[PDB]
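*Asks:* Supplied in structure tokens, the structure appears directly below.
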Amino acid sequence: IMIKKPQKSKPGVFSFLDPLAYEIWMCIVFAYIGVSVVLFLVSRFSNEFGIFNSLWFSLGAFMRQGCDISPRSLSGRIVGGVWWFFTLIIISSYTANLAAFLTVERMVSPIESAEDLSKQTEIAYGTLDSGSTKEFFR
Amino acid sequence: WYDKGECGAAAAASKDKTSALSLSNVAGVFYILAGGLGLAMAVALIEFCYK
Amino acid sequence: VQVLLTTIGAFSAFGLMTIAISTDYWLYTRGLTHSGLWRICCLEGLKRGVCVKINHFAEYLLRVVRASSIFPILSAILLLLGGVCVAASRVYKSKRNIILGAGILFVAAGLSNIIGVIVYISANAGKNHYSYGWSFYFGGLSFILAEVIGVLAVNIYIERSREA
Amino acid sequence: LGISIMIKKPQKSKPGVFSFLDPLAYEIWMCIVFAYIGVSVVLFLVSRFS
Amino acid sequence: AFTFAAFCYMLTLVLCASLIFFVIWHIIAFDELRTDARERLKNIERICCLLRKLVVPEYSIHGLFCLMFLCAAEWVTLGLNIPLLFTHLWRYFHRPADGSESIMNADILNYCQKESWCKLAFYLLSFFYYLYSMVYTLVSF
Ligand SMILES: O=c1[nH]c2cc(C(F)(F)F)c(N3CCOCC3)cc2n(CP(=O)(O)O)c1=O
Ligand SMILES: Oc1nc2ccc(-c3c(Cl)cccc3OC(F)(F)F)cc2[nH]1
Ligand SMILES: CCCCCCCCCCCC
Ligand SMILES: CCCCCCCCCC
Ligand SMILES: CCCCCCCC
């Protein structure tokens, strides 16, 4: 089986989110929306921290930009501390894995064997017109 | 060789995992976060039942 | 109320930090040898029971400081001084500064302790797997107890200075 | 046929649950916690003098 | 075997405690209402304000649950949670006043009692189902 040697493709848009898997991005989104609502509920059991302002605080804390206000209660502070730890680890992971992507590059053959080539069918594969390598498949 | 293989041909087709961080690498921080929210909601009720 | 708690904390912390250094069950490593701060002892081998000391020969400063384990010794001294200062506050009362002195001694104890363990763990590694015993965790518990009694001593001092 | 290599099959090697802590040894994390407590207490003490 | 659906079930597990506490407060507030000059009024406006401000989070959070399940592809559970969302969309609720209540100390009180008890039962059952689903998805690893 003869295929063209795989070279690096043109980097598509929305490539900036390659260093983290899709599942991690979805979990990040819903973790942010869960932390904000929990911080709201906590600050409204016992400080403003309404939903609109709690979402801003959580988003500010994730993007490493300084927070406007800080929780004063205890239960409002546990949430802040946990979300700070989480965002620190996630940003460090993203930066490190992106550095790995840029440093050493791995190229994988799109197709490995003929069984997978039949399964794919996205790549068109052709023989010579008439001959043993052609009459064999018939 | 194949049609009677004891180990079988499970995942016989080539499977090349991507180089992106999977959720299995950083699952610990998600466990910690969900536990932290659970604890915060325990404390935020103990305070209110206190008053 | 709180002076008694500070006293019990002071002497419990001193007891734990004088049991940590004297006894030898700090580090478990390989036959299995339950090590110590001064003496290494053997277990499950040709020899057992009786045991021998450590040999410790500008990395020389690390070697000598780890050898002459000064920082835990000084932590024990400071905890004892804080204990006697809190004791002497009850008599000769209304000194208003002996309790603050105790609050500083019980914190310098924590600082000297944490230097002691940083030095010990730094010198220890000078592959094989190791583990930590109960002398190590008495040291670690003494640190926590020292910091807490320090904050309680400052709290008492502030309350007694606002009462005047 | 021919003479062919034979090697042990590489396992999946699933990561640990708390694998994100590897880039720093156990001693570093625990001394971070202990230095945090120490710094908090010292900052409190120094802040309060009457 | 940590998975997106597992994490969504865990997060729902955390939030369902708050979702229960809301309905418990609703039950207590109804019981305070039923057992009855201007002081009684001020009491009834206080309770009405409590209920009006407490209604919305109880609906928005359940909206989060159904949205998370839709976006995480768990249909056996989204099917369970759809009927309660539809009831929470004021399907049976008429258009008389913005708040739930005019003292309305009538059969409306009994109806709100019954639906609040039913909602609490549903919430606790769904809580245990979420706990089971989370344990099943994680421990199966
Ligand atoms: O006996 C045969 N020996 C053959 C040997 C070769 C090669 F080895 F490559 F030289 C080739 N080619 C295949 C493509 O590369 C160039 C020519 C064809 C052969 N054919 C014709 P087939 O029947 O179509 O295989 C024969 O009959
Ligand atoms: O005198 C002593 N000071 C100490 C300070 C800390 C510890 C300790 C504990 Cl308590 C648990 C786990 C690891 C520990 O050591 C660390 F440095 F943190 F790795 C032990 C100590 N003993
Ligand atoms: C080999 C010399 C032994 C020295 C041990 C004396 C220290 C014990 C604790 C002292 C604290 C007051
Ligand atoms: C090895 C587990 C201990 C790690 C503790 C991480 C917390 C550090 C933030 C203060
Ligand atoms: C006021 C007593 C202090 C309790 C926690 C202190 C931890 C350093």
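Identifiers in the structure tokens: chain A, B, ... in order shown; residue index from 1 per chain; ligand index from 1 in order shown.
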Applying 10 Å and only C-alpha atoms, which residues near residue 21 of chain B remain after dropping the ones on its own chain fewer than 6 positions away? List them as a count of residues only.

*Replies:* 11

*Asks:* Counting only C-alpha atoms and all ligand atoms, name the residues that have an atom within 8 Å of an atom of ligand 1; the answer should be given as a PDB file with N, CA, C and O atoms, in the first residue's frame.

*Replies:*
ATOM      1  N   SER A 130      -5.084  -2.729 -15.609  1.00  0.00           N
ATOM      2  CA  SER A 130      -5.226  -4.151 -15.882  1.00  0.00           C
ATOM      3  C   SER A 130      -3.911  -4.852 -15.592  1.00  0.00           C
ATOM      4  O   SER A 130      -2.860  -4.444 -16.094  1.00  0.00           O
ATOM      5  N   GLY A 131      -3.978  -5.907 -14.791  1.00  0.00           N
ATOM      6  CA  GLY A 131      -2.791  -6.652 -14.435  1.00  0.00           C
ATOM      7  C   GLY A 131      -3.075  -7.552 -13.250  1.00  0.00           C
ATOM      8  O   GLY A 131      -4.206  -7.642 -12.772  1.00  0.00           O
ATOM      9  N   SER A 132      -2.014  -8.213 -12.785  1.00  0.00           N
ATOM     10  CA  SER A 132      -2.151  -9.100 -11.638  1.00  0.00           C
ATOM     11  C   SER A 132      -2.642  -8.335 -10.416  1.00  0.00           C
ATOM     12  O   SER A 132      -3.585  -8.762  -9.741  1.00  0.00           O
ATOM     13  N   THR A 133      -2.036  -7.179 -10.141  1.00  0.00           N
ATOM     14  CA  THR A 133      -2.460  -6.358  -9.014  1.00  0.00           C
ATOM     15  C   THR A 133      -3.873  -5.832  -9.185  1.00  0.00           C
ATOM     16  O   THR A 133      -4.467  -5.358  -8.212  1.00  0.00           O
ATOM     17  N   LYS A 134      -4.417  -5.884 -10.397  1.00  0.00           N
ATOM     18  CA  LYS A 134      -5.804  -5.519 -10.635  1.00  0.00           C
ATOM     19  C   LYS A 134      -6.719  -6.735 -10.664  1.00  0.00           C
ATOM     20  O   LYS A 134      -7.754  -6.749  -9.993  1.00  0.00           O
TER      21      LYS A 134
END

*Asks:* Just want the 12 Å neighbourhood of segment 27-41 of chain D, counted on only C-alpha atoms, with same-chain residues fewer than 2 positions away dropped. Output as a PyMOL selection string.

*Replies:* (chain C and resi 103-104+106-122+124-125+131-132+140-155) or (chain D and resi 20-25+43-48)

*Asks:* Grab the residues selected above and save them as a short mmCIF file (atom, residue, chain, number, x, y, z; two decimals), in the first residue's frame with N, CA and C atoms.

*Replies:*
data_model
loop_
_atom_site.label_atom_id
_atom_site.label_comp_id
_atom_site.auth_asym_id
_atom_site.auth_seq_id
_atom_site.Cartn_x
_atom_site.Cartn_y
_atom_site.Cartn_z
N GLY C 103 4.27 34.44 73.50
CA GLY C 103 3.72 34.36 72.16
C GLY C 103 4.78 34.40 71.09
N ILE C 104 5.91 35.04 71.37
CA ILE C 104 7.00 35.05 70.39
C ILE C 104 7.84 33.78 70.50
N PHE C 106 6.83 30.74 71.38
CA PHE C 106 6.09 29.64 70.78
C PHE C 106 6.00 29.71 69.27
N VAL C 107 6.36 30.83 68.65
CA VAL C 107 6.38 30.95 67.20
C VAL C 107 7.79 30.76 66.65
N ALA C 108 8.79 31.34 67.31
CA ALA C 108 10.16 31.03 66.93
C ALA C 108 10.43 29.54 67.05
N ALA C 109 9.73 28.86 67.96
CA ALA C 109 9.82 27.40 68.01
C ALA C 109 9.36 26.77 66.70
N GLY C 110 8.23 27.23 66.16
CA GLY C 110 7.78 26.70 64.89
C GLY C 110 8.76 26.96 63.76
N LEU C 111 9.34 28.15 63.73
CA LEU C 111 10.27 28.46 62.65
C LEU C 111 11.52 27.59 62.73
N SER C 112 12.09 27.45 63.93
CA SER C 112 13.27 26.60 64.06
C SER C 112 12.95 25.15 63.75
N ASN C 113 11.75 24.70 64.12
CA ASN C 113 11.35 23.34 63.77
C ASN C 113 11.29 23.13 62.27
N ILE C 114 10.69 24.07 61.54
CA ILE C 114 10.54 23.84 60.10
C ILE C 114 11.90 23.90 59.41
N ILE C 115 12.82 24.74 59.89
CA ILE C 115 14.19 24.65 59.38
C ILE C 115 14.80 23.30 59.70
N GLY C 116 14.53 22.78 60.90
CA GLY C 116 15.08 21.48 61.25
C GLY C 116 14.66 20.39 60.29
N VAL C 117 13.38 20.37 59.93
CA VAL C 117 12.94 19.32 59.02
C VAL C 117 13.37 19.57 57.59
N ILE C 118 13.40 20.82 57.14
CA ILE C 118 13.93 21.05 55.80
C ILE C 118 15.37 20.55 55.71
N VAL C 119 16.19 20.86 56.72
CA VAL C 119 17.57 20.39 56.72
C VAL C 119 17.64 18.87 56.80
N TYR C 120 16.83 18.26 57.66
CA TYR C 120 16.89 16.81 57.80
C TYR C 120 16.51 16.12 56.50
N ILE C 121 15.43 16.55 55.86
CA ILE C 121 15.01 15.91 54.62
C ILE C 121 15.98 16.21 53.49
N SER C 122 16.61 17.39 53.51
CA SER C 122 17.60 17.71 52.50
C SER C 122 18.84 16.83 52.65
N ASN C 124 18.90 13.87 54.14
CA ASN C 124 18.55 12.46 54.09
C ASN C 124 18.89 11.85 52.73
N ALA C 125 18.52 12.53 51.65
CA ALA C 125 18.71 11.97 50.32
C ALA C 125 20.17 11.90 49.90
N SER C 131 10.44 5.47 54.09
CA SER C 131 9.19 5.83 54.74
C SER C 131 9.53 6.46 56.08
N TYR C 132 8.55 7.11 56.68
CA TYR C 132 8.75 7.89 57.89
C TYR C 132 7.99 7.26 59.05
N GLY C 140 6.25 16.69 63.60
CA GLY C 140 5.28 17.44 62.82
C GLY C 140 4.08 17.89 63.62
N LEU C 141 3.66 17.09 64.59
CA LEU C 141 2.55 17.48 65.44
C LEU C 141 2.97 18.54 66.44
N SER C 142 4.23 18.50 66.88
CA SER C 142 4.74 19.55 67.75
C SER C 142 4.74 20.89 67.05
N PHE C 143 5.09 20.92 65.77
CA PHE C 143 5.04 22.19 65.05
C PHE C 143 3.64 22.80 65.09
N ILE C 144 2.63 22.00 64.76
CA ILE C 144 1.25 22.49 64.72
C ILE C 144 0.83 23.00 66.08
N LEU C 145 1.12 22.21 67.12
CA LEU C 145 0.74 22.60 68.46
C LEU C 145 1.44 23.89 68.87
N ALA C 146 2.70 24.07 68.47
CA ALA C 146 3.43 25.28 68.80
C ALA C 146 2.82 26.50 68.14
N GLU C 147 2.48 26.41 66.86
CA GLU C 147 1.87 27.56 66.20
C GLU C 147 0.53 27.92 66.84
N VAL C 148 -0.30 26.91 67.13
CA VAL C 148 -1.61 27.20 67.71
C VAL C 148 -1.48 27.84 69.09
N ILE C 149 -0.59 27.32 69.94
CA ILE C 149 -0.46 27.95 71.25
C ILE C 149 0.15 29.33 71.11
N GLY C 150 0.94 29.58 70.07
CA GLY C 150 1.43 30.93 69.86
C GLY C 150 0.32 31.91 69.55
N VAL C 151 -0.60 31.53 68.67
CA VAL C 151 -1.70 32.43 68.36
C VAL C 151 -2.60 32.62 69.58
N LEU C 152 -2.78 31.57 70.39
CA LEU C 152 -3.57 31.73 71.61
C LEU C 152 -2.88 32.66 72.60
N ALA C 153 -1.55 32.61 72.69
CA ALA C 153 -0.84 33.51 73.59
C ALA C 153 -0.97 34.96 73.15
N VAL C 154 -0.86 35.23 71.85
CA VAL C 154 -1.07 36.60 71.38
C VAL C 154 -2.51 37.04 71.62
N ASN C 155 -3.47 36.13 71.42
CA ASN C 155 -4.86 36.49 71.68
C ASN C 155 -5.06 36.89 73.13
N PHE D 20 -1.55 14.69 38.90
CA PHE D 20 -1.11 16.06 38.66
C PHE D 20 -0.10 16.54 39.69
N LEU D 21 0.08 15.82 40.79
CA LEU D 21 1.04 16.23 41.80
C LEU D 21 2.45 15.73 41.52
N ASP D 22 2.65 14.93 40.49
CA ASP D 22 3.98 14.38 40.25
C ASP D 22 5.07 15.42 40.04
N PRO D 23 4.87 16.50 39.29
CA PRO D 23 6.01 17.39 39.01
C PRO D 23 6.68 17.97 40.24
N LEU D 24 6.17 17.66 41.43
CA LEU D 24 6.79 18.09 42.67
C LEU D 24 6.65 16.97 43.69
N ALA D 25 7.74 16.65 44.37
CA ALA D 25 7.75 15.50 45.26
C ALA D 25 6.82 15.71 46.45
N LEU D 43 2.37 36.40 60.11
CA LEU D 43 1.76 37.63 59.63
C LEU D 43 0.71 38.13 60.61
N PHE D 44 -0.10 37.23 61.16
CA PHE D 44 -1.05 37.64 62.18
C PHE D 44 -0.35 38.25 63.37
N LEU D 45 0.68 37.58 63.88
CA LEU D 45 1.35 38.06 65.09
C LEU D 45 1.95 39.43 64.87
N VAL D 46 2.64 39.62 63.75
CA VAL D 46 3.30 40.89 63.48
C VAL D 46 2.27 41.99 63.27
N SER D 47 1.13 41.65 62.67
CA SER D 47 0.10 42.67 62.46
C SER D 47 -0.40 43.24 63.77
N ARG D 48 -0.49 42.42 64.82
CA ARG D 48 -1.11 42.83 66.07
C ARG D 48 -0.07 43.13 67.13
#

*Asks:* Please return as a list in words the residues found within 6 Å of ligand 3, counting only C-alpha atoms and all ligand atoms.

*Replies:* residues 18, 22, 73, 76 and 77 of chain C

*Asks:* From the list C:92, C:4, C:138, C:48, which residue is nearest ligand 2 when using only C-alpha atoms and all ligand atoms?

*Replies:*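 Of all the options, C:138 lies closest to ligand 2.
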
*Asks:* Please provide as a PyMOL selection string all residues within 9 Å of residue 78 of chain E, with the sequence filter that same-chain residues fewer than 5 positions apart are discarded (counting only C-alpha atoms).

*Replies:* chain E and resi 65-67+69-70+73

*Asks:* Give me, as a PDB file with C-alpha atoms, in the first residue's frame, the residues of segment 1-36 of chain B that a backbone DSSP run labels helix (DSSP H, G or I).

*Replies:*
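Below is the file that was written, out14.pdb:
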ATOM      1  CA  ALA B  27      -9.268  13.882  37.287  1.00  0.00           C
ATOM      2  CA  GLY B  28      -7.800  14.485  40.728  1.00  0.00           C
ATOM      3  CA  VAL B  29      -8.395  18.228  40.650  1.00  0.00           C
ATOM      4  CA  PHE B  30     -12.016  17.654  39.608  1.00  0.00           C
ATOM      5  CA  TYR B  31     -12.536  15.279  42.525  1.00  0.00           C
ATOM      6  CA  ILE B  32     -11.024  17.910  44.815  1.00  0.00           C
ATOM      7  CA  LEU B  33     -13.233  20.672  43.422  1.00  0.00           C
ATOM      8  CA  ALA B  34     -16.489  18.733  43.746  1.00  0.00           C
ATOM      9  CA  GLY B  35     -15.509  17.718  47.268  1.00  0.00           C
ATOM     10  CA  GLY B  36     -14.759  21.327  48.126  1.00  0.00           C
TER      11      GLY B  36
END

*Asks:* List the spatial neighbours of segment 116-131 of chain E as number ranges by chain - criterion: any atom at most 9 Å away, only C-alpha atoms, same-chain residues fewer than 2 positions off excluded.

*Replies:* E: 9-10, 12-13, 16-17, 19-20, 23-24, 26-27, 77, 80-81, 84, 111-114, 133-136

*Asks:* Find the residues in chain A near chain E: any atom within 10 Å counts, using only C-alpha atoms. Write them as a JSON list (two decimals) with N, CA, C and O atoms, in the first residue's frame.

*Replies:*
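Saved file iface.json follows:
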[["chain", "number", "residue", "atom", "x", "y", "z"],
["A", 22, "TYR", "N", -11.38, 17.61, 24.34],
["A", 22, "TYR", "CA", -12.70, 18.22, 24.30],
["A", 22, "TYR", "C", -13.45, 17.99, 25.61],
["A", 22, "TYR", "O", -14.12, 18.90, 26.12],
["A", 23, "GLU", "N", -13.35, 16.79, 26.16],
["A", 23, "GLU", "CA", -14.04, 16.50, 27.41],
["A", 23, "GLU", "C", -13.58, 17.43, 28.52],
["A", 23, "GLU", "O", -14.38, 17.86, 29.35],
["A", 24, "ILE", "N", -12.28, 17.76, 28.55],
["A", 24, "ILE", "CA", -11.79, 18.66, 29.58],
["A", 24, "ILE", "C", -12.36, 20.06, 29.40],
["A", 24, "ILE", "O", -12.70, 20.72, 30.37],
["A", 25, "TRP", "N", -12.48, 20.53, 28.16],
["A", 25, "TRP", "CA", -13.06, 21.85, 27.95],
["A", 25, "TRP", "C", -14.51, 21.88, 28.40],
["A", 25, "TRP", "O", -14.95, 22.84, 29.05],
["A", 26, "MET", "N", -15.28, 20.85, 28.08],
["A", 26, "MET", "CA", -16.66, 20.84, 28.52],
["A", 26, "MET", "C", -16.75, 20.80, 30.04],
["A", 26, "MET", "O", -17.58, 21.50, 30.65],
["A", 27, "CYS", "N", -15.91, 19.99, 30.67],
["A", 27, "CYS", "CA", -15.91, 19.92, 32.13],
["A", 27, "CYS", "C", -15.51, 21.26, 32.74],
["A", 27, "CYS", "O", -16.02, 21.63, 33.79],
["A", 30, "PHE", "N", -18.65, 23.58, 32.57],
["A", 30, "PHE", "CA", -19.70, 23.28, 33.53],
["A", 30, "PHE", "C", -19.20, 23.35, 34.97],
["A", 30, "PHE", "O", -20.00, 23.60, 35.86],
["A", 31, "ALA", "N", -17.90, 23.20, 35.20],
["A", 31, "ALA", "CA", -17.37, 23.45, 36.53],
["A", 31, "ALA", "C", -17.45, 24.92, 36.89],
["A", 31, "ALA", "O", -17.76, 25.26, 38.03],
["A", 33, "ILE", "N", -19.69, 27.06, 35.73],
["A", 33, "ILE", "CA", -21.10, 27.34, 36.00],
["A", 33, "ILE", "C", -21.60, 26.66, 37.27],
["A", 33, "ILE", "O", -22.60, 27.09, 37.84],
["A", 34, "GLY", "N", -20.94, 25.60, 37.73],
["A", 34, "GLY", "CA", -21.34, 25.01, 38.99],
["A", 34, "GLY", "C", -20.78, 25.74, 40.19],
["A", 34, "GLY", "O", -21.47, 25.94, 41.19],
["A", 35, "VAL", "N", -19.53, 26.19, 40.08],
["A", 35, "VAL", "CA", -18.91, 26.93, 41.17],
["A", 35, "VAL", "C", -19.61, 28.26, 41.38],
["A", 35, "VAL", "O", -19.84, 28.67, 42.52],
["A", 37, "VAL", "N", -22.77, 29.11, 40.76],
["A", 37, "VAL", "CA", -24.08, 28.96, 41.38],
["A", 37, "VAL", "C", -23.95, 28.51, 42.83],
["A", 37, "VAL", "O", -24.72, 28.94, 43.69],
["A", 38, "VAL", "N", -22.96, 27.67, 43.14],
["A", 38, "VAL", "CA", -22.78, 27.27, 44.53],
["A", 38, "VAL", "C", -22.33, 28.45, 45.37],
["A", 38, "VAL", "O", -22.78, 28.62, 46.51],
["A", 41, "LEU", "N", -25.40, 30.47, 46.11],
["A", 41, "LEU", "CA", -26.26, 29.87, 47.13],
["A", 41, "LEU", "C", -25.67, 30.03, 48.51],
["A", 41, "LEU", "O", -26.38, 30.31, 49.48],
["A", 42, "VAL", "N", -24.36, 29.85, 48.63],
["A", 42, "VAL", "CA", -23.69, 29.98, 49.91],
["A", 42, "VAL", "C", -23.79, 31.40, 50.43],
["A", 42, "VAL", "O", -24.15, 31.64, 51.59],
["A", 51, "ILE", "N", -26.08, 36.22, 41.46],
["A", 51, "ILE", "CA", -25.64, 35.31, 40.41],
["A", 51, "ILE", "C", -24.81, 36.04, 39.38],
["A", 51, "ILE", "O", -23.75, 35.56, 38.96]]

*Asks:* Using only C-alpha atoms and all ligand atoms, which of the listed residues (C:161, C:97, C:7, C:69) sits closest to ligand 2?

*Replies:* C:69

*Asks:* May I ask you to extract the residues of chain A within 12 Å of chain D, using only C-alpha atoms, and to give them as a compact mmCIF listing (two decimals) with N, CA, C and O atoms, in the first residue's frame?

*Replies:*
# COMPACT_ATOMS: atom_id res chain seq x y z
N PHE A 85 -7.36 26.90 43.39
CA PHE A 85 -6.46 25.77 43.15
C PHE A 85 -6.74 25.13 41.80
O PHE A 85 -5.82 24.86 41.02
N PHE A 86 -8.01 24.89 41.51
CA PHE A 86 -8.39 24.24 40.27
C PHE A 86 -7.91 25.04 39.07
O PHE A 86 -7.30 24.48 38.15
N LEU A 88 -5.49 27.21 38.89
CA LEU A 88 -4.03 27.21 38.79
C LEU A 88 -3.54 25.94 38.11
O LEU A 88 -2.71 25.99 37.19
N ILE A 89 -4.06 24.80 38.54
CA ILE A 89 -3.62 23.54 37.96
C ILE A 89 -3.99 23.47 36.48
O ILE A 89 -3.18 23.03 35.65
N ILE A 90 -5.20 23.89 36.12
CA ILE A 90 -5.63 23.77 34.73
C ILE A 90 -4.80 24.67 33.82
O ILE A 90 -4.39 24.25 32.73
N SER A 92 -1.74 25.75 34.32
CA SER A 92 -0.40 25.17 34.22
C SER A 92 -0.39 23.98 33.27
O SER A 92 0.53 23.82 32.46
N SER A 93 -1.43 23.14 33.33
CA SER A 93 -1.50 21.99 32.44
C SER A 93 -1.60 22.42 30.98
O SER A 93 -0.93 21.85 30.11
N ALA A 96 1.84 23.81 29.80
CA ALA A 96 2.85 22.77 29.67
C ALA A 96 2.58 21.88 28.47
O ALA A 96 3.49 21.58 27.69

*Asks:* Using the chain letters and numbers from this document, which residues of chain C does DSSP assign to strand (DSSP E or B), as a PyMOL selection string?

*Replies:* chain C and resi 27-29+33-34+39-40+52-53+131-132

*Asks:* Can you tell me which residues surround residue 53 of chain A at a distance of at most 10 Å, considering only C-alpha atoms, apart from same-chain residues fewer than 6 positions away, and format the answer as a list in words?

*Replies:* residues 36, 40, 59, 68 and 69 of chain A

*Asks:* Give me, as a compact mmCIF listing (two decimals) with C-alpha atoms, in the first residue's frame, the contact residues of chain B against chain A at a cut-off of 9 Å, counting only C-alpha atoms.

*Replies:*
# COMPACT_ATOMS: atom_id res chain seq x y z
CA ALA B 13 -8.18 -1.74 13.85
CA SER B 14 -5.37 0.70 14.58
CA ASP B 16 -3.71 6.00 17.82
CA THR B 18 -4.13 11.86 20.50
CA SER B 19 -1.46 13.84 22.34
CA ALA B 20 -4.00 16.07 24.11
CA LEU B 21 -4.38 15.82 27.87
CA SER B 22 -7.23 13.45 28.57
CA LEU B 23 -9.63 13.88 31.46
CA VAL B 26 -6.36 15.70 35.67
CA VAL B 29 -8.39 18.23 40.65
CA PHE B 30 -12.02 17.65 39.61
CA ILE B 32 -11.02 17.91 44.82
CA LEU B 33 -13.23 20.67 43.42
CA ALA B 34 -16.49 18.73 43.75
CA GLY B 36 -14.76 21.33 48.13
CA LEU B 37 -18.18 22.45 46.97
CA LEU B 39 -17.92 20.75 52.11
CA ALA B 40 -18.76 24.41 51.50
CA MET B 41 -22.43 23.52 51.31
CA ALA B 42 -22.15 21.60 54.57
CA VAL B 43 -20.57 24.57 56.36
CA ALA B 44 -23.03 27.05 54.84
CA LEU B 45 -25.87 25.06 56.33
CA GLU B 47 -23.89 28.33 60.01
CA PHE B 48 -27.53 28.96 59.12

*Asks:* Any idea what's packed within 9 Å of residue 48 of chain E, counting only C-alpha atoms, ignoring anything in its chain fewer than 6 positions away? Could you give it as a PyMOL selection string?

*Replies:* chain E and resi 99-101

*Asks:* Can you write out the residues you just picked, keeping N, CA, C and O atoms, as a compact mmCIF listing (two decimals), in the first residue's frame?

*Replies:*
# COMPACT_ATOMS: atom_id res chain seq x y z
N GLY E 99 -46.47 36.57 42.04
CA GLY E 99 -46.15 35.69 43.15
C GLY E 99 -47.17 34.55 43.23
O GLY E 99 -48.19 34.54 42.54
N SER E 100 -46.87 33.58 44.09
CA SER E 100 -47.78 32.46 44.29
C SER E 100 -49.09 32.90 44.94
O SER E 100 -50.09 32.18 44.84
N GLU E 101 -49.11 34.06 45.59
CA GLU E 101 -50.31 34.55 46.25
C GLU E 101 -50.52 36.04 45.97
O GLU E 101 -50.67 36.83 46.90

*Asks:* Calculate how many Å separate atom CA of residue 120 of chain A from atom CA of residue 13 of chain D, rounding to one decimal.

*Replies:*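 Answer for the atom CA of residue 120 of chain A to atom CA of residue 13 of chain D separation: 28.1 Å.
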